[PDB]
Amino acid sequence: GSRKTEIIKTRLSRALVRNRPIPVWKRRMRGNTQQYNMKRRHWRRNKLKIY
Amino acid sequence: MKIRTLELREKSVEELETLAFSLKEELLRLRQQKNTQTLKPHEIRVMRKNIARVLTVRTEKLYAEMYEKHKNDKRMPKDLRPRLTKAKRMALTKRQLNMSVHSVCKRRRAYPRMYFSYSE
Amino acid sequence: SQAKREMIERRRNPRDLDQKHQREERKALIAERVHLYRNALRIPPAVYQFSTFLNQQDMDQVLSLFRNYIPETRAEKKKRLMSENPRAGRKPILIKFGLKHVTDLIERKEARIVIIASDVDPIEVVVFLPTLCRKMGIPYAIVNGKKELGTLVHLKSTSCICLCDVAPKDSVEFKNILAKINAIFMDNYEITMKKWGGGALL
RNA sequence: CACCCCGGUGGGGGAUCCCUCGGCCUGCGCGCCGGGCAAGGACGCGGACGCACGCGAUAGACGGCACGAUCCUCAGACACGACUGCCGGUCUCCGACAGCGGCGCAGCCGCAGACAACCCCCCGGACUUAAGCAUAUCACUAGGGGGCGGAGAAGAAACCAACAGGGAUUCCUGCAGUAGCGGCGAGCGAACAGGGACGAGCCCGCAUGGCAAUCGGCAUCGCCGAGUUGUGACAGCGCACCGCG
RNA sequence: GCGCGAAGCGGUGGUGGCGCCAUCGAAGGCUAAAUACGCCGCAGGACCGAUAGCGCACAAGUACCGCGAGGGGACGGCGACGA
RNA sequence: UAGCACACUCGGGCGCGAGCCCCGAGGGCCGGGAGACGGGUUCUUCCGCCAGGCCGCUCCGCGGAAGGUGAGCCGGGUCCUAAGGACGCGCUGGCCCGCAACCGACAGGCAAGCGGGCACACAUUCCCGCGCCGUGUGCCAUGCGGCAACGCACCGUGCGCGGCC
RNA sequence: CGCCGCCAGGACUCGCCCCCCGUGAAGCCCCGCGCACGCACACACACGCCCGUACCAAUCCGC
RNA sequence: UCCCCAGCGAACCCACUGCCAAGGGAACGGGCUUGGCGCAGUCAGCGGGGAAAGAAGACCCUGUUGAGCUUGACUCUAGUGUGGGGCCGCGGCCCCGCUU
Ligand SMILES: [Mg+2]
Ligand SMILES: [Mg+2]
Ligand SMILES: [Mg+2]
Ligand SMILES: [Mg+2]
Ligand SMILES: [Mg+2]
Ligand SMILES: [Mg+2]
Ligand SMILES: [Mg+2]
Ligand SMILES: [Mg+2]
Ligand SMILES: [Mg+2]
Ligand SMILES: [Mg+2]
Ligand SMILES: [Mg+2]
Ligand SMILES: [Mg+2]
Ligand SMILES: [Mg+2]
Ligand SMILES: [Mg+2]
Ligand SMILES: [Mg+2]
Ligand SMILES: [Mg+2]
Ligand SMILES: [Mg+2]
Ligand SMILES: [Mg+2]
Ligand SMILES: [Mg+2]
Ligand SMILES: [Mg+2]
Ligand SMILES: [Mg+2]
Ligand SMILES: [Mg+2]
Ligand SMILES: [Mg+2]
Ligand SMILES: [Mg+2]
Ligand SMILES: [Mg+2]
Ligand SMILES: [Mg+2]
Ligand SMILES: [Mg+2]
Ligand SMILES: [Mg+2]
Ligand SMILES: [Mg+2]
Ligand SMILES: [Mg+2]
Ligand SMILES: [Mg+2]
Ligand SMILES: [Mg+2]
Ligand SMILES: [Mg+2]
Ligand SMILES: [Mg+2]
Ligand SMILES: [Mg+2]
Ligand SMILES: [Mg+2]
Ligand SMILES: [Mg+2]
Ligand SMILES: [Mg+2]
Ligand SMILES: [Mg+2]
């Protein structure tokens, strides 16, 4: 909330860079059974537990 | 494998220290070209790996050099002792386990092991 | 509280010095509180007989006899054994030392003179040594210093000292020193074995 | 016309059957953590990389050895060794200190933390059974605390016996659901044998006195230290271990 | 645990006392093997065959929930991978 | 079926598509703008949508691709203590307890930054102007005025006594 | 005031006064004096660490 | 608001259900018996009935099922208090000094 410790922001950045779709070149790989990232996180539905 | 290990064995340890610094510089110039322009996909890969290759040969030469420095030392450095296990490093030696008192020595000496065969 | 910090200063109680850095301060305080309690109790004759030790002039006369029979050092022994005859000469006369050895020579009645240290703690290591030396008739003396007895035999300290025979060049010195210490220790046994010290003295 | 029933086709849903790189069970093997920084965590690391998995600033194969031609989504890499395998390096940071302890000790070390199936020590229930219930039972269990090891613990009789005597411990069989304990209620409950597996025995202390003969440390054959309040003893290990069928 | 507190002879004898006779030597120490056992590795099996079998054959202790201690799923299948 | 927007209206625009998106006009209504905790990229730009939004959407806190958070002066730490905690040691069979290093405040105590520009958004942080604070190095003087209230020599360190609600 | 006037309201604030069987922090920094020490403010030069920093009257918590 | 519409779009509940009268029946039937009727199965109202739905009756009883609580219940128990012993000191007459 605009004031955070160093640990809170690093955990918040790690949650942010994680939250992205599957790169589209991975859909052409053989044995890629994943179509969308099921671990996508939306900020309003899913909460992070970064206190 | 752009820098081969065959050439790195000829260099000395401080000569490999300067090479890893020079190769780290070229990796920074490669990471510049990756951000600004295109690159062949494994150029950063290759330069990262031959930094590791120079540093490994540096470590392998340094383990060999430091071993012959402290070979006949009372206490060798902990790097150069074999890392068995904390329990196995603290084990008694086989000489120490075979240590017995004087009565057990005299008895085994005066009554040694006999080699015999029985038949009825 | 400031009154309590003054309270634990007025009493000198070693159990108040409970921290780690106060450890050397504490055991100095224990040593003096023991010493005041040790001498305020009625010391029995078995312990208090070691308070009567030998005079400084008499101690120097006693040990000057013993210095003729000082055992060899380890450096002297080492070159003695590499010599051509290590057992050359007659059997030497040495100070016999150590509690196991000395009480064996006392019970076998072959010690001529026994020196017992005075400062030995636990004192029960040597409390039998006067009364055993009387039951064998061996003349004994109590000398202050386990440390001074240790230097005669090249140790830091040793509790009891004896020698089993005297050279003929020291025989009349030996009978003068036996008569000097028997008037103190051996002949005053039945007086010293009733004498209570400490708080009984007051 | 709606409604209902039967059939056909189409839906709907995922039963059935077939499959199975998964589980479960049993046996065997292994039984190897940690200041040389463990377990666990945090954060980072792929050219395009989210997750998973791998890894640690040497960060998505670094070295040696073996292998020998592919890896692949793109781009590319590749006999100056692809893809692999085995082993070794590197191995961030948090997480084991108000630390504690040993040794004369220029200093060198150890303990802590993990593991919780097995084993050892301490602490220790209640539901339950008694057709209630309080002793009893559950149970000297569960659980908690502490501590090891590859096993542990036990162990060479202050034993069993009553014979014509056996002979460490542990385990099996067996004594035996017995003797016995028990509101003699519910219930609980061993031991010696006999048979067997396996087998193994030893030691400190009161060691010389014509000399501690013993040990620790070192910058080492000499010091310093321990020690007479008493130190003192060597029989077991190791290597090798295929490539075709 | 506490009180008392030994001995040169002592302990014990299914366990009241005492006596006999018999049998051992406590209050110091070590000791393989046979014995027990999870993870893991290996091999098996009259086991189960995707609501079964482990909670998980799948990006499973994951997603997700709980302040917290903790709780905890669901989801397998084209073909000659040549079209 | 229950239920779900029912103070808006008119014209225009982009667009396959418009009651709701944009623009203009008219008519109304009420908060809006800054911090904390909490959220964590929702911010902003570009592109999208036949999915989500209690209708629709060309819109969006949605989907995709990007961009963005710059400090001696703001806040915290490198400072201080409060109530209080305390992993060490004593006391223990274990606690309690005693001493207590250390810790404990993003609203306490508490050095010093404002005006403006720029900008898609962000800046008291960048830029411009004018300041200020602290630290570290160098380079030393050895005092005076006023009856008095006091005025001044832009000087330091230690101790003691005091100094805030 | 010197290098737009007049009137009113106002957060806040000094001191009086009132209130209390309530009396309204601590410590560091700092300052002052006292007593000692020995010297560096100005000036000039140099320098200034880590973390946070977007946004949130539909962005929070009540699924 | 309802009502009607575009779009969106649930839940409760559900053995099966044409409606009455009397009778019989577990003694108050939607179904049985004997009679009386109604049936295009639609819209909106409505609260008579379905002994309407909620919820393994909270009342009452039973249980050798509890818990909260009380005390002159039973058996115990922390706490308080008491006696004796252990807690190694000197002196003097249980008493008095003393300190270590
Ligand atoms: Mg926050
Ligand atoms: Mg929310
Ligand atoms: Mg049909
Ligand atoms: Mg299924
Ligand atoms: Mg198994
Ligand atoms: Mg590590
Ligand atoms: Mg490699
Ligand atoms: Mg441990
Ligand atoms: Mg049960
Ligand atoms: Mg019962
Ligand atoms: Mg029952
Ligand atoms: Mg009952
Ligand atoms: Mg182990
Ligand atoms: Mg053992
Ligand atoms: Mg039992
Ligand atoms: Mg010995
Ligand atoms: Mg073949
Ligand atoms: Mg006997
Ligand atoms: Mg009998
Ligand atoms: Mg024994
Ligand atoms: Mg199936
Ligand atoms: Mg399953
Ligand atoms: Mg809740
Ligand atoms: Mg409707
Ligand atoms: Mg409205
Ligand atoms: Mg705001
Ligand atoms: Mg926006
Ligand atoms: Mg749409
Ligand atoms: Mg710590
Ligand atoms: Mg503050
Ligand atoms: Mg500035
Ligand atoms: Mg803004
Ligand atoms: Mg409608
Ligand atoms: Mg009727
Ligand atoms: Mg009818
Ligand atoms: Mg109707
Ligand atoms: Mg009704
Ligand atoms: Mg009922
Ligand atoms: Mg009954």
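Chains as they are written, first to last, in this note's numbering: chain Y, 330 to 380; chain A, 20 to 139; chain F, -15 to 186.
Even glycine gets a Cβ: it sits at the ideal position worked out from N, Cα and C.
- In the displayed model, F:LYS131 falls within a helix according to three-state DSSP.
- With distances taken between CA atoms, A:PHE40 lies nearest to A:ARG67 out of A:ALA110, A:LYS125, A:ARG67, A:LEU25.
- Annotation for F:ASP0: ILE(-8) place their beta carbon closer than 8 Å to its own, counting only its chain and skipping 5 residues before and after.
- Counting other Cβ atoms within 10 Å of its Cβ, F:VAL104 reaches 16 or more and is therefore classed as buried.
- Boundaries of the beta strand (DSSP E) around F:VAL98: 97 to 101.
- Assignment of beta strand (DSSP E) within the stretch 36 to 118 of chain F, counting only whole runs of 3 or more residues, yields 79 to 81, 97 to 101 in chain order.
- One Cα belongs to A:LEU49, the other to A:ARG94, and the distance between them is close to 45 Å.
- Rounded to whole angstroms, Y:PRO352 and A:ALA110 show a C-alpha spacing of 54 Å.
- In the DSSP assignment, the residues bridged to F:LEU147 are F:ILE79, F:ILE97.
- Counting only the Cα atoms, F:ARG74 lies some 19 Å from F:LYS62.
- Every alpha helix (DSSP H) of 4 residues or more that sits fully in the stretch -1 to 25 of chain F is shown, in chain order, as 7 to 22.
- Listed as beta-bridge partners of F:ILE27 by DSSP are F:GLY181.
- If you look at A:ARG67, you'll find it in the alpha helix (DSSP H) that goes 62 to 88.
- One Cα belongs to F:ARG64, the other to F:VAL127, and the distance between them is close to 32 Å.
- Within the DSSP bridge table, the entry for F:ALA125 names F:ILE99 as partners.
- F:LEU147 and F:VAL109 have their C-alpha atoms spaced approximately 19 Å apart.
- Judged by DSSP secondary structure, F:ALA163 falls within the alpha helix (DSSP H) whose first and last residues are 155 to 165.
- Annotation: the continuous alpha helix (DSSP H) that includes A:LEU38 extends over 32 to 55.
- Each residue's CA atom was taken as its position, placing F:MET66 and A:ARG100 some 41 Å apart.
- Scanning its chain for C-beta atoms nearer than 8 Å, with the 5 sequence neighbours on each side dropped, one finds around F:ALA184 the residues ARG26, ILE27, in chain order.
- Note that the stretch 39 to 47 of chain F does not touch the stretch 106 to 121 of chain F; fewer than 3 beta-carbon pairs, one per stretch, sit closer than 8 Å.
- In the structure shown, A:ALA106 falls within a helical segment according to DSSP collapsed to helix, strand and coil.
- Residue burial is scored here from C-beta neighbours: Y:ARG370 has fewer than 16 other C-beta atoms within 10 angstroms and is therefore classed as exposed.
- Distance between F:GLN6 and F:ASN(-3), taken at the CA atoms: about 12 Å.
- Per DSSP, F:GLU(-7) is one residue of the alpha helix (DSSP H) stretching across -14 to -6.
- F:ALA101 and F:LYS130 do touch by the CB rule: their CB atoms are close to 4 Å apart, below 8 Å.
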